[PDB]
Amino acid sequence: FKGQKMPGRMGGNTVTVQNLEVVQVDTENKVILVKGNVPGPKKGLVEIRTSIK
Amino acid sequence: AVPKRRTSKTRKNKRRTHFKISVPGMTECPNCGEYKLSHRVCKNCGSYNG
Amino acid sequence: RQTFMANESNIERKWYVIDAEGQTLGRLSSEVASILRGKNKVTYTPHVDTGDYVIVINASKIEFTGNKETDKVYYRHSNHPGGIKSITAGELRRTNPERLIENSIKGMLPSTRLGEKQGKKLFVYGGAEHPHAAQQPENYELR
Amino acid sequence: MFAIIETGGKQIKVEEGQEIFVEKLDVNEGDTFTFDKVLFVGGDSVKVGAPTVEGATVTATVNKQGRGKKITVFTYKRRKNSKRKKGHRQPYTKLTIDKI
Amino acid sequence: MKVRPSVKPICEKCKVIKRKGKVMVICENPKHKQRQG
RNA sequence: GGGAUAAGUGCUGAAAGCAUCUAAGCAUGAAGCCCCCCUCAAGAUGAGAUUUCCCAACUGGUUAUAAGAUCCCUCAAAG
RNA sequence: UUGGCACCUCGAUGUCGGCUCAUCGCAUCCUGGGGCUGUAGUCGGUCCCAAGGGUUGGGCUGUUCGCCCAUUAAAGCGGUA
RNA sequence: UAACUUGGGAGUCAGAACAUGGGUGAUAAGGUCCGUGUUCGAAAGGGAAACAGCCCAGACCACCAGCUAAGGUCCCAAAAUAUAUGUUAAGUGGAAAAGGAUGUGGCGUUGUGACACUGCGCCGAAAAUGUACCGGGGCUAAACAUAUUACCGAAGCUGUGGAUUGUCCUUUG
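Protein sequence lines, in the order shown, are assigned to chains L, N, V, D and R. In short: position in the first sequence from 1, add 163, done, that's the deposited numbering. In short: position in the second sequence from 1, add 1, done, that's the deposited numbering. In short: position in the third sequence from 1, add 1, done, that's the deposited numbering. Just so it is clear: in the fourth sequence, position 27 is 27 by the deposited numbering, and no numbers are missing. Just so it is clear: in the fifth sequence, position 12 is 12 by the deposited numbering, and no numbers are missing.
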């Protein structure tokens, strides 16, 4: 059947973490601090949004 | 396992489509004049000048 | 010996438009699959498509006899285990009438390459409008 | 301006100056053959179609008399050692059409 | 209710009716409530 | 959280002066169905869209070059 | 299930119980919505609709089954050689 | 149009399904064993979707001819969206019983109700990859029952040509 679990390439997908918090917003550096840990490696693009929930 | 059925010589030549090998990626030496392999030292005459 | 055969050089194709208002699904689909398949010409040949180009409009106004509005389920399987999906003629006459009509008519055409190419002669539109004004669409009516 | 005749158990639509391949008539080479069974005439100026028509019967030359290409009839039964091959060449005559 | 393939009045106020094709008995004792004729 | 629903709950309502949830009509009603959440998705051959870029010279057309993309090379957050 | 037949396979279709991986049915064990109780309430019984997800760890025994210890919302019954 | 005798040469001794009469089995079995007929075996062609054994029908060969058999006529798919009259609302048609029941029509006997046949429908009606018990789309007539009209439909029959054997001698054709 399809959707069988077999070996292949892992990671890389677009993933979205919901309901995170904004610890602080530091101007003069344009940095934002988020409670937790977002996807991707360091130097990786991330897009922030206000939670739809 | 064993092949259940011999491979037709059409399927053989289809599988061998991508078995070609590519060009060497060569250039003309600006000193030798003869051909060199890019980013390599001229086998024919002398230096690399890079 | 002698018997006519139509060619790519020989065939001409006309456009038609037909309201589905007040129509039954199958009773329209039959009379329209006939025109698509092109067997009302005199120069019908089986191997080339002498059919016509049919436009259907007001596909939101077709009718169903009896209790088919809630019965008459359309099933379709996604080829994933347990991927069978279900809809009803009620939830499709209002949600996507121009696929109701398409499926009804395209189940009536033969399932070959000429049939696949003849099915795309059909242009189905809900409402009384269509972008095919530059074709001189002739007004046909059923029988 | 054509005519529908019936010659060899088969109707034929014919016009003036047309080659026709009919089954083997009884006429010889060259000599003209006139068909008597006409079923329809018309096309352009008159229209007479009836249970049959007496007159304007087609006058046609007898051009050639020969044997068609050889078909090889073959039929066999699988797993039962039973096959059979015949040859066949169907005789015909070709006529030229003079008058209607 | 009482879904049995034989619906019939037990007492005499129990009246036989149809709803959606299903045969039923409407009565005053809710015990007597029945359907599926 | 919305929409349509199952078993049920009905309102109105006659055929059948009555009653009657149903025949016409009108609601309500499930972890279920369809959306809402997340992901792939225009080879969706029905191949969709939006913005910006390039757009001449000789002979039906050909050519190379343009925008752009690679070959080759240094790499890793990728393999 | 225990069988009854002897239709395919004896120039070969590998048995049971576990493990890994599941998947499907519904004749629903749990959770969801209801009717009727000989339903005062907490808890039940029995029917009806419902298959979304869930449905444990050990002792003994090759064992399936099974009996037991301890929890659990529940420790479902079956098909898929 | 065979029958029989005398001689030469055999193959066959695992049969099957269906219809009907039985035994056995459980009024199970595509079970098993007998009688009876057919088809397959050794049979191609049309229909039953596909489907040795069911229905029609027995291929010498060729033709871009005609009439039909079973089976059919809305589209896939050749031919009736045929004609007359009625029934059925369940998608029954297009799977299944005991039992239940102010479903609906007909005729009938009763003193508005009750019953006797009755035609067609409803519930009873739950299974395992995917709708999945019309082949599909679709169908309220394209279902049912009855009754005349047409047409389609085979390698059947007829038409025309040809190839072989035979037997009459119309007339050695």
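Note that beta-carbon positions come from the ideal geometry of N, C-alpha and C, so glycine has one too.
Spatial neighbours of residue i in its chain, beta-carbon cut-off 8 Å, leaving aside the 5 residues before and after
i        : result
D/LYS24  : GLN65, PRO91, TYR92, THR93
V/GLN119 : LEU37, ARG38, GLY39, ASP50, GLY52, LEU110
V/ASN41  : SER35
V/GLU139 : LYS15, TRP16, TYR17, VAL18
V/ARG95  : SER61
V/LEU101 : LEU26, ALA60, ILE63, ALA90, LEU93, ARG94
Beta carbon of residue i nearer than 8 Å to that of residue j
i                      : j        : result
D/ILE4                 : D/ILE97  : no
D/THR34                : D/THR61  : no
D/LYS13                : D/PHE2   : yes
V/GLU22                : V/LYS69  : no
V/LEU123               : V/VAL55  : yes
V/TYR141               : V/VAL57  : no
L/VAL194               : L/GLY203 : no
residue 146 of chain D : D/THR57  : Look at the range of chain D in this structure, 1 to 100, and you will see that residue 146 of chain D is not part of it.
D/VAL41                : D/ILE100 : yes
R/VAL25                : R/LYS15  : yes
R/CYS27                : R/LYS33  : yes
V/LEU93                : V/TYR75  : yes
D/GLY87                : D/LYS70  : yes
N/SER9                 : N/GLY26  : no
L/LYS216               : V/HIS81  : no
In DSSP terms, what residue i is bridged to
i        : result
V/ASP20  : V/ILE58
D/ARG84  : D/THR75
R/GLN34  : R/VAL25
V/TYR76  : V/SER87
D/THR34  : D/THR59
D/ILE12  : D/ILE5
D/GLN65  : D/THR93
D/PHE40  : D/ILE4, D/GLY49
R/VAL16  : R/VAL25
N/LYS37  : N/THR28
V/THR25  : V/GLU64
V/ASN140 : V/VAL18
D/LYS99  : D/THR59
D/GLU19  : D/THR96
D/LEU25  : None; D/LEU25 has no bridge partner.
Cut-off 6 Å between Cβ atoms - residues of its own chain near residue i, not counting five sequence neighbours on either side
i        : result
V/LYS73  : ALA90
D/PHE74  : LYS85
V/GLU64  : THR25
V/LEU115 : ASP50
N/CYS46  : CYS33
N/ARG12  : none
V/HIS131 : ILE56, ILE58
Same chain only: Cβ atoms within 7 Å of residue i, ignoring 5 sequence neighbours per side
i        : result
V/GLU99  : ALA60, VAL125, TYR126, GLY127
L/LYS198 : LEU183, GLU184, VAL186
V/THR71  : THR89, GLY91
L/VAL201 : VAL180, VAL209
R/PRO5   : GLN36
R/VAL3   : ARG35, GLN36
D/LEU95  : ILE20, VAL22, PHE33, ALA60, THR61, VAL62, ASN63
The ligand COA heavy atom lying under 7 Å from the CB of residue i
i       : result
N/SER48 : The ligand COA is not among the ligands present in this structure, which contains no ligands whatsoever.
Closer than 7 Å between beta carbons: that is the criterion. Which residues of the stretch 70-101 of chain V meet it against chain L?
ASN80, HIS81, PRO82
Along the stretch 192-214 of chain L, what residues have a CB closer than 7 Å to any CB found in chain V?
none
Contacting positions in the stretch 164-187 of chain L - beta carbon closer than 7 Å to chain V
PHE164, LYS165, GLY166
Just to confirm the assignment: which complete alpha helix (DSSP H) runs, minimum length 4, are found wholly within the stretch 165-193 of chain L?
none
What runs of the alpha helix (DSSP H), each 4 residues or longer, lie entirely inside the stretch 91-124 of chain V?
91-94, 98-107, 114-120
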